[PDB]
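> The following file, coords_38.cif, comprises mmCIF, C-alpha atoms and all ligand atoms:
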data_structure
#
loop_
_atom_site.group_PDB
_atom_site.id
_atom_site.type_symbol
_atom_site.label_atom_id
_atom_site.label_comp_id
_atom_site.auth_asym_id
_atom_site.auth_seq_id
_atom_site.Cartn_x
_atom_site.Cartn_y
_atom_site.Cartn_z
ATOM 1 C CA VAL U 1 -17.530 -11.914 -4.834
ATOM 2 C CA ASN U 2 -15.817 -8.453 -5.231
ATOM 3 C CA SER U 3 -15.015 -6.085 -8.211
ATOM 4 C CA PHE U 4 -11.233 -6.805 -8.557
ATOM 5 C CA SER U 5 -10.366 -8.222 -12.042
ATOM 6 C CA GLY U 6 -7.278 -9.809 -13.702
ATOM 7 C CA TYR U 7 -5.408 -10.729 -10.488
ATOM 8 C CA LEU U 8 -3.242 -13.841 -10.091
ATOM 9 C CA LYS U 9 -4.080 -15.685 -6.826
ATOM 10 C CA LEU U 10 -0.916 -16.301 -4.720
ATOM 11 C CA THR U 11 -2.581 -17.664 -1.544
ATOM 12 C CA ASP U 12 -5.971 -18.076 0.140
ATOM 13 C CA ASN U 13 -6.038 -14.274 0.760
ATOM 14 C CA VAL U 14 -3.328 -12.553 -1.366
ATOM 15 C CA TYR U 15 -3.768 -11.583 -5.009
ATOM 16 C CA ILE U 16 -1.354 -9.699 -7.349
ATOM 17 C CA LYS U 17 -1.600 -7.766 -10.647
ATOM 18 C CA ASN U 18 0.699 -5.604 -12.858
ATOM 19 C CA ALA U 19 -1.215 -2.327 -12.526
ATOM 20 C CA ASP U 20 -0.952 1.341 -11.695
ATOM 21 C CA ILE U 21 -2.605 1.544 -8.234
ATOM 22 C CA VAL U 22 -3.975 5.007 -9.150
ATOM 23 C CA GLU U 23 -5.722 3.608 -12.298
ATOM 24 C CA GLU U 24 -6.859 0.545 -10.354
ATOM 25 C CA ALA U 25 -8.375 2.669 -7.548
ATOM 26 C CA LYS U 26 -10.146 4.935 -10.084
ATOM 27 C CA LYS U 27 -11.682 1.851 -11.831
ATOM 28 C CA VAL U 28 -12.610 -0.230 -8.690
ATOM 29 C CA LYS U 29 -13.295 2.510 -6.059
ATOM 30 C CA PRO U 30 -12.360 0.023 -3.322
ATOM 31 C CA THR U 31 -13.422 0.461 0.332
ATOM 32 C CA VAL U 32 -9.682 0.846 1.249
ATOM 33 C CA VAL U 33 -6.681 1.895 -0.825
ATOM 34 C CA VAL U 34 -3.318 1.714 1.014
ATOM 35 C CA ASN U 35 -0.836 4.574 0.637
ATOM 36 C CA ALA U 36 2.919 4.052 0.995
ATOM 37 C CA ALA U 37 3.150 6.920 3.459
ATOM 38 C CA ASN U 38 5.955 8.478 5.489
ATOM 39 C CA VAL U 39 5.535 9.570 9.128
ATOM 40 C CA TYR U 40 4.949 13.218 8.072
ATOM 41 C CA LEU U 41 2.298 12.267 5.449
ATOM 42 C CA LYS U 42 4.332 14.284 2.929
ATOM 43 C CA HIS U 43 3.126 12.732 -0.327
ATOM 44 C CA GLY U 44 5.978 13.808 -2.628
ATOM 45 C CA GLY U 45 6.853 10.820 -4.776
ATOM 46 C CA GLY U 46 6.433 7.134 -5.367
ATOM 47 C CA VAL U 47 2.979 5.718 -4.744
ATOM 48 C CA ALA U 48 2.125 8.572 -2.324
ATOM 49 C CA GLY U 49 2.983 11.308 -4.804
ATOM 50 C CA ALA U 50 0.929 9.560 -7.506
ATOM 51 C CA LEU U 51 -2.129 9.001 -5.261
ATOM 52 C CA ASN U 52 -1.986 12.574 -3.992
ATOM 53 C CA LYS U 53 -1.675 14.007 -7.547
ATOM 54 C CA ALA U 54 -4.772 11.980 -8.575
ATOM 55 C CA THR U 55 -6.716 13.720 -5.704
ATOM 56 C CA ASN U 56 -5.672 17.179 -7.013
ATOM 57 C CA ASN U 57 -3.671 17.634 -3.734
ATOM 58 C CA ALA U 58 -6.779 17.132 -1.528
ATOM 59 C CA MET U 59 -5.004 14.153 0.128
ATOM 60 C CA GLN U 60 -2.076 16.452 1.104
ATOM 61 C CA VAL U 61 -4.418 19.176 2.448
ATOM 62 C CA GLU U 62 -6.238 16.625 4.639
ATOM 63 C CA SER U 63 -2.934 15.056 5.698
ATOM 64 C CA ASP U 64 -1.449 18.401 6.774
ATOM 65 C CA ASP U 65 -4.468 19.034 9.025
ATOM 66 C CA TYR U 66 -4.066 15.469 10.475
ATOM 67 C CA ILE U 67 -0.388 16.066 11.310
ATOM 68 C CA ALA U 68 -1.074 19.540 12.743
ATOM 69 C CA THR U 69 -3.559 17.907 15.172
ATOM 70 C CA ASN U 70 -1.886 14.531 15.935
ATOM 71 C CA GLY U 71 1.830 14.807 15.137
ATOM 72 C CA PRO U 72 3.722 12.300 13.027
ATOM 73 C CA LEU U 73 2.900 8.603 12.650
ATOM 74 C CA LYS U 74 5.276 5.872 13.884
ATOM 75 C CA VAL U 75 7.351 3.822 11.432
ATOM 76 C CA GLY U 76 5.226 0.634 11.227
ATOM 77 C CA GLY U 77 2.051 2.613 12.032
ATOM 78 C CA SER U 78 -0.946 3.890 10.088
ATOM 79 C CA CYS U 79 -3.954 6.165 10.044
ATOM 80 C CA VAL U 80 -7.271 6.047 8.224
ATOM 81 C CA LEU U 81 -8.173 9.170 6.219
ATOM 82 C CA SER U 82 -10.460 9.892 3.295
ATOM 83 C CA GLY U 83 -10.021 8.053 -0.008
ATOM 84 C CA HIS U 84 -11.165 11.192 -1.871
ATOM 85 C CA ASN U 85 -12.016 10.316 -5.516
ATOM 86 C CA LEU U 86 -10.042 7.038 -5.364
ATOM 87 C CA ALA U 87 -11.648 4.925 -2.595
ATOM 88 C CA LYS U 88 -13.932 5.242 0.431
ATOM 89 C CA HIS U 89 -10.909 5.345 2.765
ATOM 90 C CA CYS U 90 -7.126 5.622 2.432
ATOM 91 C CA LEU U 91 -5.090 3.621 4.926
ATOM 92 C CA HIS U 92 -1.764 5.518 5.149
ATOM 93 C CA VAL U 93 0.803 2.894 6.223
ATOM 94 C CA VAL U 94 4.456 3.680 7.050
ATOM 95 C CA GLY U 95 6.823 0.946 6.061
ATOM 96 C CA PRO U 96 10.500 1.330 6.999
ATOM 97 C CA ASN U 97 12.544 3.378 4.504
ATOM 98 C CA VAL U 98 15.876 1.538 3.965
ATOM 99 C CA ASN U 99 17.249 4.758 2.264
ATOM 100 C CA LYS U 100 16.787 6.426 5.779
ATOM 101 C CA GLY U 101 18.280 3.438 7.780
ATOM 102 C CA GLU U 102 14.970 2.158 9.396
ATOM 103 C CA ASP U 103 14.681 -1.384 10.885
ATOM 104 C CA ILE U 104 13.348 -3.785 8.174
ATOM 105 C CA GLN U 105 11.796 -5.855 11.084
ATOM 106 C CA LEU U 106 9.261 -2.973 11.200
ATOM 107 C CA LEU U 107 7.887 -4.158 7.821
ATOM 108 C CA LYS U 108 5.873 -6.924 9.577
ATOM 109 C CA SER U 109 4.384 -4.332 11.988
ATOM 110 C CA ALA U 110 3.464 -2.165 8.957
ATOM 111 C CA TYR U 111 1.617 -5.046 7.248
ATOM 112 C CA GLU U 112 -0.252 -5.887 10.505
ATOM 113 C CA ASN U 113 -2.269 -2.672 9.957
ATOM 114 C CA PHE U 114 -3.897 -4.345 6.942
ATOM 115 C CA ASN U 115 -5.549 -6.940 9.242
ATOM 116 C CA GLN U 116 -7.932 -4.217 10.564
ATOM 117 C CA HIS U 117 -9.631 -4.120 7.105
ATOM 118 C CA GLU U 118 -11.481 -7.005 5.426
ATOM 119 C CA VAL U 119 -10.409 -6.090 1.858
ATOM 120 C CA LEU U 120 -7.680 -3.710 0.605
ATOM 121 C CA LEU U 121 -6.064 -2.511 -2.632
ATOM 122 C CA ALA U 122 -2.347 -2.004 -1.745
ATOM 123 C CA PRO U 123 1.211 -1.591 -3.002
ATOM 124 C CA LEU U 124 4.107 -3.627 -1.701
ATOM 125 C CA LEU U 125 5.234 -1.823 1.468
ATOM 126 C CA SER U 126 8.774 -0.498 1.620
ATOM 127 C CA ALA U 127 9.273 -1.254 -2.134
ATOM 128 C CA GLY U 128 10.190 1.287 -4.809
ATOM 129 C CA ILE U 129 11.789 4.464 -3.410
ATOM 130 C CA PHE U 130 11.591 3.058 0.189
ATOM 131 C CA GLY U 131 14.546 0.836 -0.792
ATOM 132 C CA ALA U 132 13.548 -2.658 0.450
ATOM 133 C CA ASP U 133 13.708 -5.837 -1.643
ATOM 134 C CA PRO U 134 10.173 -6.261 -3.111
ATOM 135 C CA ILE U 135 10.530 -10.093 -3.036
ATOM 136 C CA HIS U 136 11.012 -9.800 0.741
ATOM 137 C CA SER U 137 8.066 -7.393 1.030
ATOM 138 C CA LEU U 138 5.782 -9.890 -0.756
ATOM 139 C CA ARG U 139 6.936 -12.727 1.560
ATOM 140 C CA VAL U 140 6.210 -10.595 4.682
ATOM 141 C CA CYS U 141 2.816 -9.622 3.214
ATOM 142 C CA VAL U 142 1.835 -13.286 2.643
ATOM 143 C CA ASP U 143 3.082 -14.338 6.075
ATOM 144 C CA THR U 144 1.433 -11.387 7.965
ATOM 145 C CA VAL U 145 -1.812 -10.275 6.277
ATOM 146 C CA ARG U 146 -4.825 -12.532 6.915
ATOM 147 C CA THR U 147 -7.455 -10.254 5.291
ATOM 148 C CA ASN U 148 -7.964 -10.106 1.543
ATOM 149 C CA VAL U 149 -5.296 -8.005 -0.154
ATOM 150 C CA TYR U 150 -5.113 -7.072 -3.851
ATOM 151 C CA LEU U 151 -1.518 -6.003 -4.614
ATOM 152 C CA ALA U 152 -0.845 -3.617 -7.541
ATOM 153 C CA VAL U 153 2.711 -3.752 -8.887
ATOM 154 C CA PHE U 154 3.467 -0.853 -11.285
ATOM 155 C CA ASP U 155 6.595 -2.290 -12.912
ATOM 156 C CA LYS U 156 5.870 -5.180 -15.371
ATOM 157 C CA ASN U 157 9.430 -6.492 -15.091
ATOM 158 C CA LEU U 158 9.161 -6.650 -11.273
ATOM 159 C CA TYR U 159 5.666 -8.182 -11.408
ATOM 160 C CA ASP U 160 6.976 -11.059 -13.562
ATOM 161 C CA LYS U 161 9.941 -11.558 -11.223
ATOM 162 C CA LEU U 162 7.669 -11.575 -8.104
ATOM 163 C CA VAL U 163 5.356 -14.208 -9.653
ATOM 164 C CA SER U 164 8.133 -16.420 -11.084
ATOM 165 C CA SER U 165 10.118 -16.405 -7.745
ATOM 166 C CA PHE U 166 7.057 -16.858 -5.432
ATOM 167 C CA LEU U 167 7.268 -19.853 -3.101
HETATM 168 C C1 LIG V 201 -1.380 10.456 -10.795
HETATM 169 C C2 LIG V 201 0.043 10.145 -11.261
HETATM 170 N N1 LIG V 201 1.078 10.986 -11.342
HETATM 171 O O1 LIG V 201 2.130 10.267 -11.834
HETATM 172 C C3 LIG V 201 1.704 9.008 -12.002
HETATM 173 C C4 LIG V 201 2.511 7.838 -12.520
HETATM 174 N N2 LIG V 201 2.332 6.671 -11.664
HETATM 175 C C5 LIG V 201 3.251 6.425 -10.578
HETATM 176 O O2 LIG V 201 4.138 7.168 -10.377
HETATM 177 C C6 LIG V 201 3.075 5.183 -9.700
HETATM 178 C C7 LIG V 201 1.879 4.487 -9.725
HETATM 179 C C8 LIG V 201 1.730 3.355 -8.933
HETATM 180 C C9 LIG V 201 2.773 2.926 -8.129
HETATM 181 C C10 LIG V 201 3.957 3.639 -8.112
HETATM 182 C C11 LIG V 201 5.143 3.198 -7.254
HETATM 183 O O3 LIG V 201 6.101 4.001 -7.055
HETATM 184 O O4 LIG V 201 5.173 2.048 -6.779
HETATM 185 C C12 LIG V 201 4.107 4.749 -8.904
HETATM 186 N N3 LIG V 201 0.439 8.947 -11.656
#
Here is the file; what I need is its structure written in the form of structure tokens.

Amino acid sequence: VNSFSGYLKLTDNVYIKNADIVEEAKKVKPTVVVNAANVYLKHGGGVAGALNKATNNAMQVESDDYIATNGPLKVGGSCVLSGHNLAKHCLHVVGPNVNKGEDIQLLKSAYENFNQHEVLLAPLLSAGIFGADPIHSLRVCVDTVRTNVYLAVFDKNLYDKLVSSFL
């Protein structure tokens, strides 16, 4: 048993809820929250901007030090950093950005990072301002992630469409 509440069960291991991931992280304080990162860990907008704002910019300060030491992530890659006030850890995962022309096949590689963690609170990778079809992102998630993933979908209209179209 874990502390996640109000989720619809899609599969053995994937759960979904209409929720603000920031508000969900603050309530649950999960072991791992996933950020929809870019390779520079520049948390300007979307999920990343919202998570970073909720940390009072401490996520961005830590991220800048990480990039200064290690250089950029790979598209499809990840790093584990602090979860600050939101979670124990933040798994920064880079899905392909369609609005930059990145290979959508890299979305499966992105979701494979989740398998290194037993339980995660996450957004749909490459959705929102990353430009991919969220229905596709949910299908890749279900077909790739084997660990227990709690998906937060901000937009109520999209949530209802994801549930009602789920195979
Ligand atoms: C802190 C703070 N500052 O502004 C906001 C408003 N919340 C969002 O922007 C938001 C939340 C969850 C997911 C997404 C997304 O883009 O999928 C976006 N929270």
> What are the centre and the three edge lengths of an axis-aligned box that wraps all atoms of ligand LIG 201 (chain V) in the file, given that 4 Å is added to every side, written as lines of an AutoDock Vina configuration file and rounded to one decimal in Å?

center_x = 2.4
center_y = 6.5
center_z = -9.6
size_x = 15.5
size_y = 16.9
size_z = 13.7
> Report the closest atom pair, with its distance in Å rounded to one decimal, for each residue of chain U that has an atom no farther than 8 Å from ligand LIG 201 (chain V); count all atoms listed in the file, sort by chain and then rising residue number, and write it as JSON lines.

{"residue": "U:19", "atom": "CA", "partner": "V:LIG201", "partner_atom": "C8", "distance": 7.3}
{"residue": "U:20", "atom": "CA", "partner": "V:LIG201", "partner_atom": "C8", "distance": 4.3}
{"residue": "U:21", "atom": "CA", "partner": "V:LIG201", "partner_atom": "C8", "distance": 4.7}
{"residue": "U:22", "atom": "CA", "partner": "V:LIG201", "partner_atom": "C7", "distance": 5.9}
{"residue": "U:45", "atom": "CA", "partner": "V:LIG201", "partner_atom": "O2", "distance": 7.2}
{"residue": "U:46", "atom": "CA", "partner": "V:LIG201", "partner_atom": "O3", "distance": 3.6}
{"residue": "U:47", "atom": "CA", "partner": "V:LIG201", "partner_atom": "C10", "distance": 4.1}
{"residue": "U:48", "atom": "CA", "partner": "V:LIG201", "partner_atom": "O3", "distance": 7.7}
{"residue": "U:49", "atom": "CA", "partner": "V:LIG201", "partner_atom": "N1", "distance": 6.8}
{"residue": "U:50", "atom": "CA", "partner": "V:LIG201", "partner_atom": "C2", "distance": 3.9}
{"residue": "U:51", "atom": "CA", "partner": "V:LIG201", "partner_atom": "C1", "distance": 5.8}
{"residue": "U:52", "atom": "CA", "partner": "V:LIG201", "partner_atom": "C1", "distance": 7.2}
{"residue": "U:53", "atom": "CA", "partner": "V:LIG201", "partner_atom": "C1", "distance": 4.8}
{"residue": "U:54", "atom": "CA", "partner": "V:LIG201", "partner_atom": "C1", "distance": 4.3}
{"residue": "U:123", "atom": "CA", "partner": "V:LIG201", "partner_atom": "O4", "distance": 6.6}
{"residue": "U:124", "atom": "CA", "partner": "V:LIG201", "partner_atom": "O4", "distance": 7.7}
{"residue": "U:127", "atom": "CA", "partner": "V:LIG201", "partner_atom": "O4", "distance": 7.0}
{"residue": "U:128", "atom": "CA", "partner": "V:LIG201", "partner_atom": "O3", "distance": 5.4}
{"residue": "U:129", "atom": "CA", "partner": "V:LIG201", "partner_atom": "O3", "distance": 6.8}
{"residue": "U:152", "atom": "CA", "partner": "V:LIG201", "partner_atom": "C9", "distance": 7.5}
{"residue": "U:153", "atom": "CA", "partner": "V:LIG201", "partner_atom": "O4", "distance": 6.6}
{"residue": "U:154", "atom": "CA", "partner": "V:LIG201", "partner_atom": "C9", "distance": 5.0}
{"residue": "U:155", "atom": "CA", "partner": "V:LIG201", "partner_atom": "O4", "distance": 7.6}
> Which residue out of U:151, U:138, U:90, U:34 has the minimum interatomic distance to residue 167 (chain U) when only C-alpha atoms are used?
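Residue with the minimum atom-to-atom distance to residue 167 (chain U): U:138.
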> Running the PyMOL selection byres (((chain U and resi 61) around 12) and not hetatm) on this model by hand, what would come out? Give it as a ChimeraX atom specification.
/U:41-43,52-53,55-60,62-68,81-82,84
> At most 12 Å from (11.6, 4.8, 7.6), file frame, only C-alpha atoms: which residues, as a ChimeraX atom specification?
/U:36-40,73-77,93-107,110,125-127,129-132
> For residue 163 (chain U), work out the shell of residues within 9 Å, counting all atoms listed in the file and skipping chain neighbours fewer than 4 positions away, then give it as a PyMOL selection string.
chain U and resi 8+10+16+158-159+167
> Which residues, named as in the file, does the PyMOL selection byres (((chain U and resi 148) around 12) and not hetatm) pick out? Answer as a ChimeraX atom specification.
/U:1-2,4,9-16,31-32,114-122,141-142,144-147,149-151
